[PDB]
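To start, the structure itself, in structure tokens.
FYI, it's all coordinate maths here, none of it is from the lab. Please note: Cβ atoms are built from the backbone with ideal geometry, for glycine as well, and neighbour counts cover all protein chains shown.
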Amino acid sequence: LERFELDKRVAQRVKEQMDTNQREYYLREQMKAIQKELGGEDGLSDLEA
Amino acid sequence: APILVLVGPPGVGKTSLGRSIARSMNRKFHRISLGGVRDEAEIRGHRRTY
């Protein structure tokens, strides 16, 4: 029972960190969108190469 | 090897020099702006991201 309670807490931490990754993901989405809008594909992703 | 850079006073008709050698070599003479310009855009430029 105590193991299952700790597993539920661990799963909740995993879920909130997954949403943290999704938030930082939307940050990257916006940032890549803006960068390509300044010049396509982060300046054609050569600087990404 | 060298391509034989000149040294002298600028006063001659060096344009006509390039033309008479471009005639003696059947070359299509051009002129540019490379000296006196202080920016790498007439000489190099930079990578095509700006």
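For n ≥ 4 DSSP H runs only, could you compute -39500 (n - 2.57) per run for chain A, divide by its residues and tell me the 222 nm figure to the nearest 500?
-29500 deg cm²/dmol
Enumerate the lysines that residue B:28 could reach by cross-link, defined here as Cα to Cα under 27 Å, with residues fewer than 8 away along the same chain left out.
Leaving aside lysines fewer than 8 places away in the same chain, those within reach of residue B:28 are B:14.
State which stretch of chain B is the longest one without any exposed trypsin sites (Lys or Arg not before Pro), exposure meaning a DSSP loop state and at most 10 other Cβ atoms within 10 Å.
Result for the longest clean stretch: B:1-27.
Where the only charges are on Cβ atoms (+1 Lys, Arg; -1 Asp, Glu), what is the dipole of chain A about its Cα centre, to the nearest 20 debye?
Value, rounded to 20: 320 debye.
Calculate how steeply helix A:2-38 sits against the longest principal axis of the alpha-carbon atoms of chain A, using the helix alpha-carbon long axis, and give the answer as 0 to 90 degrees to the nearest 10.
10
Which FRET efficiency value, to the nearest 0.05, do you get for residue A:15 and residue A:45 by plugging their Cβ-Cβ distance into 1/(1 + (r/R0)^6) with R0 = 25 Å?
Given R0 = 25 Å and the Cβ-Cβ separation, E is 0.20.
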